[PDB]
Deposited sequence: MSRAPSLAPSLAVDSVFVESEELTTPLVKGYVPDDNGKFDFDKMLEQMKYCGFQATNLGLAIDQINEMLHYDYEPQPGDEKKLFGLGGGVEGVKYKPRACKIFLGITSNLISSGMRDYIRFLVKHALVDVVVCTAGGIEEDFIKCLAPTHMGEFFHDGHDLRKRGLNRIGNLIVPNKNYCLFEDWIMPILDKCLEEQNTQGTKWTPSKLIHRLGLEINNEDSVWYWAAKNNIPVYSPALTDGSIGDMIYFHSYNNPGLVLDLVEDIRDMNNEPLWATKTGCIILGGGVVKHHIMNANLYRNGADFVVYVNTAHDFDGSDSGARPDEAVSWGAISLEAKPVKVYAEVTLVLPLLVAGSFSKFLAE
């Protein structure tokens, strides 16, 4: 008495209905069943409400529409998603304050600010590593060497004012606080970080030193000594983020420290209510990145009530449909 496999047949006339393909992705089978179930989990998150905290209130910027939600949404993004064309589908999620908190790796924090400062070039996976070094081109998708130098000119002043403020006004800086101040400083509507500063969305990176930001902190300390970043205050803030909400949902795209920090934080909450994982990793090696949603339920990161969905696919293919079949419909609605 279970559902029947059935694809949507293409139109004889030739005007394909992309809307009808999206609806029938769930019944195709294999990884398409996952994409359809992934759309369903996010739809439950955006349209959640109860009769007694409101989230997605936003910062009340004019000319922008926000809709209130009873669900808190944590988005885990690896550096790849803030380096690929998935930035346009994440800026939209932050601008309308559809995501309450973001946790990102340090290269991703550095990429948004460099992207707003300068553009990214296209390239191939099979490119000679030795040659790319001679041309000073990094690889991930080519982000040029000159790009980081423009970023260095921007970040160094904010830290110097942070050092001046720390000694004079007793401001104890942490990694999250540097990013929120850095996002306010960019003042570019292109940035996902500017919108989080305007809409009061906290961004947390536990290894902020691992990345371009950490090298700039290192050079500044020799020139201006004594800057201190306290992880103890940051772990106090991050762990408390899930405790407040009636329900919390985790859209972790990619794997790594970001998968673990959001899942670890949800332990204090007894487990995340809803979750979607999109990555290209397998559980055979015993790694955390490839660990299936089942392993996360083992240590209490996922609520036993939840029905976690993992799409075993590159995010660049799965997310564009995921925004189309969930967030776009609710905001316009």
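The deposited sequence has C-alpha coordinates everywhere except the stretches 1-23, 76-81, 170-171.
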